[PDB]
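Just the one chain here, the form solved without this ligand, laid out as structure tokens.
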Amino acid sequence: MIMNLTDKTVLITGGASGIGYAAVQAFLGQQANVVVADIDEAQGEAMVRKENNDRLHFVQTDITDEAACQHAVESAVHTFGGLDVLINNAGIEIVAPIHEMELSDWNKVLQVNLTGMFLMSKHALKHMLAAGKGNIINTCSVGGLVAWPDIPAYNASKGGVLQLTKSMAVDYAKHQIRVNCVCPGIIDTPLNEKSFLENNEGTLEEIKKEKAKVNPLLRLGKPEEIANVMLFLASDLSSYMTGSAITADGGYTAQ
């Protein structure tokens, strides 16, 4: 198959829910080996039980801790023999205006969304440099391109993700390590449902409709639709792409 993901090993941060879990399913469906690095044990174990797949491994990981990042990379190499693709998908959203935001909250957002991406990438790159090739895919956002209202720390973190992506692409291209990002729009995931309710008036269904209408396609994205972009970026279909940002936003950033 043209995508050529079979028997590749893919390490996905934040893989036990949402887009990350859709990515786990998509990569397992391509017969790739998947290592999930995520912070919640019960949630990781529930994923493993449901998938019931010898190509899947869960490693509890706090990506803000460098030792834990190193351990996650090692777990992939030990469990499956190597590491072909790192997907830095973990991220959090805290809603607060700049003039009110607690420094501790600012730091939490940047630490998970940006520092953790740095630390994971650092340890993956040490392996990929030695292996002579690799692929890093970062989950950016529409918020790395334009500003979503009311989430300035999140948007700032995602601008950091965008430029970290381009930077690693430029610095590592000579080493055959491709680095790209996906920039999702508004995706229908349980974490987003929670944020929808917390931050808007209305029932869940009313708010989903409101959020759908800001996109030209007039619907929210599904997590599988972002997973499918990650398949493409990991695959050989994207072999001449590095330093690219791929919007998957139902047209949001085209207007």
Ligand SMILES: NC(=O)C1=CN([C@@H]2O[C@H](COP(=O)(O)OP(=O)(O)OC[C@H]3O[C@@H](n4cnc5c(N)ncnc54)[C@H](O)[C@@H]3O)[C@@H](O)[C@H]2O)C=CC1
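Just count from 1 along the sequence shown to find any residue number.
On average the C-alpha atoms of 50 to 58 have higher B-factors than those of the other stretch, with 23 to 31 and 50 to 58 being the two compared. In this entry, the higher average B-factor at the C-alpha atoms falls on 101 to 109, of the pair 101 to 109 and 131 to 139.
When the C-alpha B-factors of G160, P149, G116, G185 are read from the PDB record, the largest value belongs to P149. In the deposited entry, the Cα temperature factor of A90 sits in the middle third of values across the chain's modelled residues.
Among the modelled residues of its chain, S195 has a C-alpha B-factor that falls in the middle third according to the deposited record. Annotation for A169: CA B-factor lies in the lowest third of the chain's modelled residues. In the PDB entry, a CA B factor belonging to the lowest third of its chain's modelled residues is recorded for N228.
Sorting the modelled residues of the chain by their CA temperature factor places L145 in the middle third.
Quick note: we don't show the form solved in complex with this ligand, though the next part is all about it.
No clash is found between this ligand, overlaid from its position in the deposited complex, and the backbone or C-beta atoms here, as no atom lies within 2.4 Å; the site counts as open.
Although the partner is absent here, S141 lies within 4.5 Å of this ligand in the deposited complex, judged by heavy atoms. With a 4.5 Å cutoff on heavy atoms, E210 does not count as touching this ligand in the deposited complex; it lies far away. In the deposited complex, no heavy atom of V214 sits within 4.5 Å of this ligand. Contact between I63 and this ligand in the deposited complex is found at the 4.5 Å heavy atom cutoff. Each of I92, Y154 and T189 comes within 4.5 Å of this ligand in the deposited complex, counting any heavy atom. Residue heavy atoms within 4.5 Å of this ligand in the deposited complex occur in exactly one stretch of 98 to 106, 75 to 83, 178 to 186, 122 to 130, and that stretch is 178 to 186. When you look in the deposited complex, the only residue of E224, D40, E206, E51 with a non-hydrogen atom within 4.5 Å of this ligand is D40.
This chain is drawn without this ligand; in the deposited complex, the residue among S238, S17, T9, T247 with a heavy atom within 4.5 Å of it is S17.
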